[PDB]
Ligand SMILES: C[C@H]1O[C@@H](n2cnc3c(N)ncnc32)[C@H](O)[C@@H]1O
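Before any questions on binding or motion, here is one chain by itself as structure tokens, the form deposited without this ligand.
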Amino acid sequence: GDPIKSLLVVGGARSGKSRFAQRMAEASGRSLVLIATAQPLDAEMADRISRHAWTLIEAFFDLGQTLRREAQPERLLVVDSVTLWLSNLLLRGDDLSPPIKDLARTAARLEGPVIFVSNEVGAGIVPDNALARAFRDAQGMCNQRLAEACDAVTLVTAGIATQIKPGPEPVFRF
């Protein structure tokens, strides 16, 4: 397949994006590292970690710093959820802009390859509360910045992956 340094996989909830990333990583022949961002505070979350369940590294908050110091040419890092990392930062009261831009810059310079698995959260109605609105905005921005940084971007819909980067973007004259 096409040789790259960085892939962003975007999909909705229970879209198959994690299975797509996990089977791409398992097919790669690299040393696999799951970068796990989910805080197993309850059994529903441990349940989703168990279902997905490789070297496992927890990175609930320091995702970018973890990528920089775990990435190796011989390793493939899979970020289990960009979304759950952002959630962790938001709930704590952290400003989300700097870590997002820091992560995109990191995505551009790793010592080894990385797949980022991230949710689309922006294609429903406006949330009725400011925390959910901020989260929706920050996740949308984050996916834009990661798509710009990464070599390749795939959208996963109903378990089917479509490549959207590389790809020529449309141009219109008026």
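Counting begins at 1, following the sequence as shown.
Enquirer: Between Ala53 and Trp54, how many deposited residues lack coordinates (none, 1 to 3, 4 to 9, 10 or more)?
Expert: 4 to 9 residues lack coordinates between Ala53 and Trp54.
Enquirer: Should the higher mean CA B-factor in the entry be assigned to 162 to 170 or to 14 to 22?
Expert: Between 14 to 22 and 162 to 170, it is 162 to 170 that shows the higher mean C-alpha B-factor.
Enquirer: Do the C-alpha atoms of 66 to 74 or of 121 to 129 have the higher average B factor in the entry?
Expert: Mean CA B-factor is higher for 66 to 74.
Enquirer: Could you say which of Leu84, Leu96, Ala104, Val79 has its CA atom at the highest B factor, as listed in the PDB entry?
Expert: When the deposited C-alpha B-factors of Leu84, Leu96, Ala104, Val79 are compared, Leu96 is largest.
Enquirer: What's the residue among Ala147, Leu41, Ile35, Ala134 with the greatest CA temperature factor in the PDB record?
Expert: Answer, based on the entry's C-alpha B-factors: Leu41.
Enquirer: Using only modelled residues of the chain, where does the Cα B factor of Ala27 rank: lowest third, middle third or highest third?
Expert: It belongs to the middle third of the chain when residues are ordered by C-alpha B-factor.
Enquirer: Relative to the other modelled residues in the chain, which third contains the C-alpha temperature factor of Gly140: lowest, middle or highest?
Expert: Bottom third by C-alpha B-factor.
Enquirer: Among the modelled residues of its chain, does the C-alpha B-factor of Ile115 lie in the lowest, middle or highest third?
Expert: Lowest third.
This protein has a second form, the form solved in complex with this ligand, left out of what is shown; the following refers to that one.
Enquirer: Open or blocked? Place this ligand on this chain by superposing the surrounding C-alphas onto its site in the entry with it bound, and call it blocked when 3 or more ligand atoms come within 2.4 Å of backbone or C-beta atoms.
Expert: After the site C-alphas are aligned, the pocket of the shown chain is open to the transferred ligand.
Enquirer: Check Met45 for me: does it contact this ligand in the entry with it bound (non-hydrogen atoms, 4.5 angstroms)?
Expert: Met45: yes, in contact with this ligand in the entry with it bound.
Enquirer: Answer with yes or no whether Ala27 is in contact with this ligand in the entry with it bound, where contact means some heavy atom within 4.5 Å.
Expert: Flag for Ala27 set to no.
Enquirer: Quick one: does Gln39 come within 4.5 Å of this ligand in the entry with it bound, counting heavy atoms only?
Expert: Judged by the heavy-atom cut-off of 4.5 Å, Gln39 is in contact with this ligand in the entry with it bound.
Enquirer: Taking 4.5 angstroms as the heavy atom distance cut-off, pick the stretch from 145 to 153, 103 to 111, 66 to 74, 31 to 39 that is near this ligand in the entry with it bound.
Expert: Of the stretches listed, the one contacting the partner is 31 to 39.
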